[PDB]
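Q: I am attaching a structure below and will ask some questions about it afterwards.
Derivation of every value follows stated rules applied to the coordinates shown; laboratory data play no part. Heads up, the Cβs are rebuilt from the backbone with ideal geometry, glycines too, and the neighbour counts pull from every protein chain shown.
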Amino acid sequence: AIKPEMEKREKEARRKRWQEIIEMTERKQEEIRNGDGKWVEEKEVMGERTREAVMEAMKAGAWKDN
Amino acid sequence: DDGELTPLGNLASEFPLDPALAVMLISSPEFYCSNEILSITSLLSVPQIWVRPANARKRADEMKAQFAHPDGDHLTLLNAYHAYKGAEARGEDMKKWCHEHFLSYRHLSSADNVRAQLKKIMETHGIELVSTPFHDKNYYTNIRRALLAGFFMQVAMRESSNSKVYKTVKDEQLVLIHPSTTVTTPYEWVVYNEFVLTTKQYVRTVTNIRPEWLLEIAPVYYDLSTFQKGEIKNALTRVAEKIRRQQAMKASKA
Amino acid sequence: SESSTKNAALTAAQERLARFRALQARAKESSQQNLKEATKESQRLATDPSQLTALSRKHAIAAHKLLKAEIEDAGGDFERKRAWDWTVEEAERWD
Amino acid sequence: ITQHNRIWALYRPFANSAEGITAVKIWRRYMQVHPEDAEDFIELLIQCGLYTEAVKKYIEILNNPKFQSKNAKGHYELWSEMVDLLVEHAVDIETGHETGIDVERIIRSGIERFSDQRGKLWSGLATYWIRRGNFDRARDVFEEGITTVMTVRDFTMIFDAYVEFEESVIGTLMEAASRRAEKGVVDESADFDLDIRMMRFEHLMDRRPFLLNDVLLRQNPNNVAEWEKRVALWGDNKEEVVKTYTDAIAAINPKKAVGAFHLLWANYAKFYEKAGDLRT
């Protein structure tokens, strides 16, 4: 009574499982195809520090360009 | 401290929103980003406007990337609201534009109505409405400072440089970032508007902020004298000591 | 003349502000694209290409299983359809 | 000397309460007797205003290969401390061989030592030079680091610092030139100077992807796609296209290539063929 329906169940279980394995492989392929925190806040802090340097430079009159 | 309601508490009770949103709207006049902060608070009060259908997940992701901002999810939502307002001013259909950009027209209208109600309440209470210039580079920093002042309680810090798991200071909660976040690079401090507990602990609606900015926004909550465990509070105390040393150097040089 | 010089300076300053805004926008776009390029420097320091060739191998074998599954699901003979493509050297080795 | 331990232990809170030049004389003698609290003396020098002696102390303590920071500060943390103090007080540092301070030499030593934060050290040197006000030398060392950087991250944080610095200074001179322009004040030092600054910025920003491709190929001299992108950026200039292709041919190992060398060679051959040259 149970054998054909569990045969079908394991059949589409195999199908869905290795279909999902496939889909993981193309999602990693797309991740490669299109390719940190201390980094980005270091960039932001040097940007604000460079701005502060700019304002103090023309507040003190540091024009020595050529 | 005695439980008595102050004028700020009375204003928060009069404003039909959360106490954190009311505090953010009150502190936005100091950050000079009152209109943007009111729009963000209205969008947070209204339901989620991002639509991600199963059959249109790629289109929804493309629309979110087009309307997203690198400063944070709150910045992305503000940019989406600004784009919707610009489309409405230009004369495009709001529902058609929301369907094309995977947005919710009803949620956008509710956010606009909540923003109008908040602006009316601010005009009744005498709260000034100011907005920083678009060409000014301090607009995003002012918006982040206003968001940190509004929601400094829900702030998370990364555990390590090699680990993406963040540690919210609220009872030392180990969580992650939600997949719907528009921030490609995680921040040192993430101010989270909503925390969702699931099989994977993730935090949604996260905006970038620094520990020094958070301590300047909320010195009482982030006090190093009353700071408990652990290393996140130690790093906050180290940042406060560095800021104090910088202030001492500036005072010596001035 | 001085009014003409003032008008020329005003138009030049308007062009200068337009150039400033365009340079700001181009700098922001370049900074975003180059942060993405940093993620390619990283994320390939994460994805050392040996793992990429390995996942390509799993893709190939699982896609082979799938293709065989729909061939005998439609009812065709997968081995006859491949028999149209075996070479002489391969066939002798298989025998 | 044996009782000097007790005597100094009672002496140092008097310095911490008295502060100032008296306290730094005290703690100089305390370094003469017992060198352990270098970070505390750094804090006193920063508070007092003796950053030249602080830089000399930095050099001495880092030269001594035995100091361990009690605040868990590593070698790079100390290097950040030197560059931060130098950039915060550039005008208070007396350079020359008499004081032993050479900012360019110490930062280039940091460049050749700590290659991970080479862009950070280049940005620190440039920001030190703009704190001093030597904008042309800042630009010279800036382009030197741009040409001699091998990291895309370092190159692009350097260019972001360039964008911020030059944008802010030209903005300040927008207000200067405007407020001189309602009253009609203009000369060669303002209008022609602004024209040549924007000429420099536009052509350097157009040459920025060329330098980005150069940094990418210096990082990896096998990226066929990068060489194709660089030569497409070169565009219609035939001699430059020919020389960039020639460098591509005598630059990529065929066994270590990571692209389509066959497609690159096909583009080279079809370029000569569609131009004029069937024999080659």
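Q: Considering only residues that are loosely packed, with under 11 Cβ neighbours inside 10 Å and either of a type in the set (A, V, I, L, M, F, W, C) or not in a helix (DSSP H, G or I) (or both), which ones fall in region C:1-40?
A: Matches in region C:1-40: C:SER1, C:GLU2, C:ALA18, C:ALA25.
Q: In addition: Residues that are within 14 Å of chain A (Cβ to nearest Cβ) and farther than 30 Å from B:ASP136 by Cα: does region C:25-41 have at least one?
A: Quick first cut of region C:25-41, residues within 14 Å of chain A (Cβ to nearest Cβ) only: C:27-28, C:30-41.
Those left that are additionally farther than 30 Å from B:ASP136 by Cα: C:40-41.
Yes: one or more hits.
Q: If you don't mind, there's one more thing I want to ask. Can you spot a residue in region D:229-245 that is facing chain C (nearest Cβ under 10 Å), in a helix (DSSP H, G or I) and out of contact with any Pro (no Cβ under 6 Å at 6 or more places or on another chain)?
A: If we filter region D:229-245 for residues that are facing chain C (nearest Cβ under 10 Å), which is where we start, we get none.
Looking through region D:229-245, none of the residues is facing chain C (nearest Cβ under 10 Å), in a helix (DSSP H, G or I) and out of contact with any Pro (no Cβ under 6 Å at 6 or more places or on another chain).
Residues checked against (1) within 11 Å of chain C (Cβ to nearest Cβ); (2) under 29 Å from D:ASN267 (Cα atoms); (3) small (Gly, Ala, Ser); (4) more than 24 Å from the chain's Cα centre (by Cα):
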position	(1), (2), (3), (4)
D:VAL163	yes, no, no, no
D:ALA177	yes, no, yes, yes
D:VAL185	yes, no, no, yes
D:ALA190	yes, no, yes, yes
D:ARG200	no, no, no, no
D:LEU211	no, yes, no, no
D:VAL224	no, yes, no, yes
D:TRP227	no, yes, no, yes
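Q: Could you give me the residue pairs with C-beta distances under 7 Å whose first residue belongs to region A:13-29 and is facing chain C (nearest Cβ under 8 Å) and farther than 11 Å from C:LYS58 by Cα, whose second residue is part of a helix (DSSP H, G or I) and among the small types (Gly, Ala, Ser) wherever it lies, and which are 6+ apart or on separate chains?
A: A:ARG15/C:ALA69
Q: Also, I was wondering about something else. Tell me which residues, restricted to region C:41-61, are surrounded by 11 or more Cβ atoms within 10 Å (Cβ to Cβ) and under 11 Å from A:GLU31 (Cβ atoms).
A: C:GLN43, C:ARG44, C:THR47, C:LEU52, C:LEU55
Q: Taking interchain pairs and intrachain pairs at least six residues apart, which have beta carbon atoms under 7 angstrom, with the first residue in region B:15-30 and closer than 13 Å to B:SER42 by Cα and the second in a loop (DSSP other than H, G, I, E, B) and of a type in the set (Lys, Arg)?
A: none
Q: Inspect all residues belonging to region D:93-112 and state whether any of them is over 14 Å from D:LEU125 (Cβ atoms) and surrounded by 18 or more Cβ atoms within 10 Å (Cβ to Cβ).
A: Applying the first criterion (over 14 Å from D:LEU125 (Cβ atoms)) to region D:93-112 yields D:94, D:96-100.
Keeping just the survivors that are surrounded by 18 or more Cβ atoms within 10 Å (Cβ to Cβ) gives none.
Scanning region D:93-112, I find no residue that is over 14 Å from D:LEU125 (Cβ atoms) and surrounded by 18 or more Cβ atoms within 10 Å (Cβ to Cβ), so the answer is no.
Q: Further, regarding this structure: Which of (1) small (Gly, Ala, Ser); (2) in contact with a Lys or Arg (Cβ under 6 Å, 6 or more places away or on another chain); (3) more than 7 Å from chain D (Cβ to nearest Cβ); (4) within 30 Å of D:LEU86 (Cβ to Cβ) is the odd one out, the single condition A:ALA60 does not satisfy?
A: It is condition (2) that A:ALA60 fails.
Q: Which of the residues spanning region B:169-178 are more than 13 Å from chain A (Cβ to nearest Cβ) and within 15 Å of B:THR198 (Cβ to Cβ)? Spell out how you get there, then give the answer.
A: Of all residues in region B:169-178, those more than 13 Å from chain A (Cβ to nearest Cβ) come to B:169-176, B:178.
If the condition is that a residue be more than 13 Å from chain A (Cβ to nearest Cβ) and within 15 Å of B:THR198 (Cβ to Cβ), then B:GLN173, B:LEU174, B:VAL175, B:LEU176, B:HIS178 are the ones that fit.
Q: Which condition does A:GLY35 not pass, out of (1) more than 8 Å from chain D (Cβ to nearest Cβ); (2) closer than 28 Å to B:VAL183 by Cα; (3) part of a helix (DSSP H, G or I), if it passes all the others?
A: (3)
Q: While we're looking at this one, here's another question. Could you please tell me which pairs satisfy a Cβ distance under 9 Å, a separation of 6+ or placement on different chains, a first residue in region C:1-15 that is closer than 17 Å to D:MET198 by Cβ and facing chain D (nearest Cβ under 7 Å), and a second residue that is among the charged types (D, E, K, R) and surrounded by 11 or more Cβ atoms within 10 Å (Cβ to Cβ)?
A: C:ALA9/D:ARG180; C:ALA9/D:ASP191
Q: From the list B:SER161, B:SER225, which residue is within 13 Å of another protein chain (Cβ to nearest Cβ), of a type in the set (S, T, N, Q), surrounded by fewer than 17 Cβ atoms within 10 Å (Cβ to Cβ) and in a loop (DSSP other than H, G, I, E, B)?
A: Values: B:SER225 fails: within 13 Å of another protein chain (Cβ to nearest Cβ).
None of the others qualify; the one that does is B:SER161.
Q: Does B:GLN246 satisfy the criteria of being at the interface with another protein chain (Cβ under 10 Å from one of its Cβ atoms) and either surrounded by fewer than 16 Cβ atoms within 10 Å (Cβ to Cβ) or closer than 25 Å to C:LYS28 by Cα (or both)?
A: Numbers: at the interface with another protein chain (Cβ under 10 Å from one of its Cβ atoms): yes; either surrounded by fewer than 16 Cβ atoms within 10 Å (Cβ to Cβ) or closer than 25 Å to C:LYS28 by Cα (or both): yes.
Spelling it out, B:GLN246 is indeed at the interface with another protein chain (Cβ under 10 Å from one of its Cβ atoms) and either surrounded by fewer than 16 Cβ atoms within 10 Å (Cβ to Cβ) or closer than 25 Å to C:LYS28 by Cα (or both).
Q: Please specify each residue of region D:7-62 satisfying the condition of being among the β-branched types (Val, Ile, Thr) and either over 24 Å from D:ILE107 (Cα atoms) or crowded, with 17+ Cβ neighbours inside 10 Å (or both). Quick ask: steps written out before the conclusion?
A: Initially, region D:7-62 is screened for residues among the β-branched types (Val, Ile, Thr), giving D:7, D:21-22, D:24, D:26, D:33, D:42, D:46, D:52, D:55, D:59, D:61.
Across region D:7-62, the qualifying residues are D:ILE7, D:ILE21, D:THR22, D:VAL24, D:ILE26, D:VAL33, D:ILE42, D:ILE46, D:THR52, D:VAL55, D:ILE61.
Q: Can you pull out the helices (runs of 4 or more DSSP H) entirely within region D:67-165 that have at least 3 residues that are hydrophobic (A, V, I, L, M, F, W, C) and out of contact with any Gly (no Cβ under 9 Å at 6 or more places or on another chain)? Write out each step before concluding.
A: Numbers: elements: D:75-88, D:103-113, D:118-132, D:135-147.
Answer list for region D:67-165: D:135-147.
Q: Now for a separate question. Please identify the pairs in which a residue from region B:211-240 that is over 20 Å from B:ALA20 (Cβ atoms) has its Cβ atom under 8 Å from the Cβ atom of a residue that is surrounded by 15 or more Cβ atoms within 10 Å (Cβ to Cβ) and of a type in the set (S, T, N, Q), counting only partners at least 6 apart or on another chain.
A: As it stands, the answer is B:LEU224/B:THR237; B:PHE227/B:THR237, since those pairs meet every condition given.
Q: Quick check on region D:127-152: of everything there that is surrounded by 20 or more Cβ atoms within 10 Å (Cβ to Cβ) and among the basic types (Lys, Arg), which residue is farthest from D:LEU86 (Cα to Cα)?
A: Here the residue is D:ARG139.
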